Each structure stands twice: as C-alpha cells, then as structure tokens.
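Shown here is one chain on its own, the form deposited in one PDB entry, set out as structure tokens.
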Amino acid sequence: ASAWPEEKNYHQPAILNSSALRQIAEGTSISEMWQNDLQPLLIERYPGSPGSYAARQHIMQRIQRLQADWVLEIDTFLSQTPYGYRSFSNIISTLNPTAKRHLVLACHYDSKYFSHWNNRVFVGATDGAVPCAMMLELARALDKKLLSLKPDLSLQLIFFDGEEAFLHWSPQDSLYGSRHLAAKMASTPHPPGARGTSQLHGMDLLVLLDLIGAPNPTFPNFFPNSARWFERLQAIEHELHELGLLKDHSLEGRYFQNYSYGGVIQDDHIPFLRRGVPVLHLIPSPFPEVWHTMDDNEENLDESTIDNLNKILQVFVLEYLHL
C-alpha cells in the first residue's frame, strides 16, 4: 500500500537565491495584469449571468494562449438555490493531470448578485476579480518555467463558481461550486486506476486567495497543519523586502503577520478543509472596508500591494514546485 499521500507532510521547498528572486520580481508585470487579466473581469458576473459566461471565456482564453500544457475542464452542475434550481460552472486548469500530487491555487470568479442600485453595479474587484487576475498573471509570468513540467508533483488552478450566497450567507446558500467540487474530487480515484486514493489525497495544499486588493492587508496564520507554509510566505516577504524588491512596503506593515485566528471564516476552502485537505487561506482579517459594497471597485484597489503579493505568491509556487 503506497504511502505517497503522506509525501506532502515532508515536502520541503527548494529556496530561491537573491539572483533568482530578483528575476521573479522583474518577470511579473502589474500593468500587463491590470490591462489584460483584471479589467476584463471587472463586470457583473453572478451565476447564470451573461457576465459569468464572459468571465469564464476570458479565463480559459488567457490560459489557452500560454505555452505550458494546461488542461482545462469546466465542471458544470445543478444545485438548488433560494431562486430555484440553477446551473454553475467551476473552471479547473491542470498541469500534468495524471500527476499524483498537485499544489492547488484557487479563487472564485463569480461576483455576488445585487440588483443595480442608483446606477451602480457590483463588480467585487477584491472579491474575487483581483485573486483571479493574480492566478492568471502567475500562469503567464512563470509560463516558461512551468513548461518544463511537461516528486510526481505539479500545479492546478481552480476558479470556483457560486462562492457567494444569493441572499446572505447560510449553510445551503453559498459555496455552491466548492461544496460540489470537493465532494466530486473526494469520490474520484486518483491517479487514474487507483484502488483507494482520491483526487483529494492528491491535493498537497490548497492555497485560496480572496478579498485581495485593498491597502494594508493582514493575513493571519489560520491552521496548524499549514503553518510551516505560512512561515515560508513570511520568509519570502521578508527577503523580497530586504532585497528592495517590493514597493511602498515596510516590515512593520508586513502582510503576513505572526498571529492566529480562533474563529472560522466561510469561504471556498471549507468543503476541502472539512474533508482533510491542508489549506493556506490567503484572505485578510479584517476584511477590506469596501467588502460587499458598490465601492469594491477598481478605483479602491492598491496597485503596489497587489504587485508585491504577485511576487510573493510566484516565489512561493516556484519554491514549492522546485522550479
């Protein structure tokens, strides 16, 4: 009986040196992400809407243009909702599908439904248009390195649909795409032909981005079984800072702070966490001041902060994948 599902417990990163760090910092472009990945997503895109369809096409097109061998799958399903049965479509983008282990990055691409108010439309810029754009920019920035994957370990990106409640949060009205996908992965043998392991056993770690884009975020270290990875993010941030590779950044105002959070935040990671998947939840606490208001828009985003987080995330992913 192979013990491969236990490999994630001992997996160590291959740390990048100063020269490699400057290379990653220089290889990501916040302006290119802003224009090519983010702005097309700043539209109303609640489940079932025309924008939802456009958001999905944009995400798949941006991934398809890359050199790395991404395999795209649309996970479509029905769920009961406060408005009756509806259709949802999760987007999964995977490198090396049959690879036993995958580091998984995720966000949600739906926007919370709100009827237009005084001509304003809710576009959830930090929630989660920026998280989505950051995952696309990461795929683009690291493309050449990721192409080399073409440790039976690779990368997967999930863009969840229906993360938001159609009304206010309730157990049955929210996390539609993630509750669905988690149950589906839990019941799908992996790798193909496996006798007793599922795709969930193959998830080394689920890195979930949400509510990112506001000034001064503080991410707490939520879970003891991913704490050593939270620490790597802290170390990365510290070294990029010391190397002068971050913008308008101070250690006193660092994003990854030492401190836990006793409570529970409802997000797409819940369905996975409750099935035993290690989670690194990159959601700040407190939430952005614009959370769930018409002001969660482009104008209120903090460009340098998003740029700095792109650098930190990219380094983290390369070091995890030994790239």
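One-based numbering along the sequence shown.
inquiry  = Checking chain continuity here. Are there deposited residues lacking coordinates between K150 and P151, and if so is it 1 to 3, 4 to 9, or 10 or more (or none)?
reply    = In the deposited sequence, 4 to 9 residues between these two have no coordinates.
inquiry  = Quick check: 256-264 versus 51-59, which has the larger average CA B-factor in the record?
reply    = According to the entry, 256-264 carries the higher average C-alpha B-factor.
ask   = Of 110-118 and 180-188, which one has the bigger average CA B-factor?
value = Higher mean C-alpha B-factor: 110-118.
inquiry  = Among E164, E237, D127, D143, where is the Cα B factor highest in this entry?
reply    = The C-alpha B-factor peaks, among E164, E237, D127, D143, at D143.
request  = Can you work out whether the C-alpha temperature factor of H11 puts it in the lowest, middle or highest third of the chain?
outcome  = Its C-alpha B-factor belongs to the middle third of this chain's values.
Third of the chain, ranked by Cα B-factor, where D204 sits = CA B-factor rank for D204: lowest third.
message = How does the C-alpha B factor of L42 compare with the rest of the chain: lowest, middle or highest third?
response = For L42, the deposited C-alpha B-factor lands in the middle third.
message = Looking at the temperature factor on the CA atom of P284, which third of the chain's modelled residues does it land in?
response = Its C-alpha B-factor belongs to the middle third of this chain's values.
ask   = Mind checking which third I74 falls in for C-alpha B-factor across the chain?
value = Its C-alpha B-factor belongs to the highest third of this chain's values.
The form solved in complex with a small molecule is left out here; the points below concern that form.
ask   = the small molecule isn't shown here, but in the bound PDB entry, which of 229-237, 78-86, 156-164, 184-192 has heavy atoms within 4.5 Å of it?
value = Only one stretch qualifies here: 156-164.
query = Considering the small molecule in the bound PDB entry, which of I265, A54, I43, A68 comes within 4.5 Å of it through any heavy atom?
reply = Looking at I265, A54, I43, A68 one by one, just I265 meets the 4.5 Å heavy-atom criterion.
message = So the small molecule isn't shown here. In the bound PDB entry, which residue out of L211, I91, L105, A139 has a non-hydrogen atom within 4.5 Å of it?
response = Exactly one listed residue reaches within 4.5 Å, namely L211.
query = Even though the small molecule is not shown here, does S285 get within 4.5 Å of it in the bound PDB entry, heavy atoms only?
reply = Flag for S285 set to yes.
message = Can you tell me if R254 lies within 4.5 angstroms of the small molecule in the bound PDB entry, counting non-hydrogen atoms only?
response = So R254 does not count as contacting the small molecule.
The small molecule contact at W169 in the bound PDB entry, heavy atom, 4.5 Å = Result yes; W169 sits at the interface with the small molecule in the bound PDB entry.
Contact flag, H292 vs the small molecule in the bound PDB entry, heavy atom cut 4.5 Å = Within the cut-off, so yes.
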